[PDB]
């Protein structure tokens, strides 16, 4: 069978990031232990400082940092040579100089593998994409149930459930264009 479930949201660009302001990159860690991760911020000049990782609410973690110059900063969250899904993140200070689907990151186990009747979860980060429509679709042998939490920081956390095992397609589009790794092929295992 082929059944499809789709949601979309529209949001304006995240408010301008001023030089010297308190910034935060948030991430949920479906299937990853927070305890031994390291965060770094790299300035547009290539200077890297360690940044602390805090719990923001139950299950939500954040990298707190303060940028000292204009332009595109990188925020890395790693275990040894491994990045967490989505890392390294980009973070523009001052006005956005680019936008659109190619700037969107996404990650988490619901974009790779799950189990029949269990929640499949992933994060999407749209702050660098600027204003527009984030669309999510799930297609496969059953009609997914989709919940999502869309935040002021341009991040969106998705949880979907499917009734039947099989091969599913998860589409993530921003202003009607696939983000770089979309669509995602997802296998759902039997109970």
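Residue numbers count along the first chain shown, from 1.
Of the two segments, 181-189 and 1-9, the one listed with the higher mean B-factor is 1-9 (C-alpha atoms only). Judged by mean Cα B factor in the deposited record, 157-165 ranks above the other of 122-130 and 157-165. When the Cα B-factors of 69, 147, 150, 139 are read from the PDB record, 69 comes out highest.
Per the PDB record, residue ranking by Cα B-factor puts residue 88 in the middle third of the chain.
Residue 110 sits in the lowest third of its chain by CA B factor, as recorded in the PDB entry. When the modelled residues of the chain are ordered by C-alpha B-factor, residue 97 sits in the highest third. In this PDB entry, the Cα temperature factor of residue 16 sits in the top third of its chain's modelled residues, the highest group.
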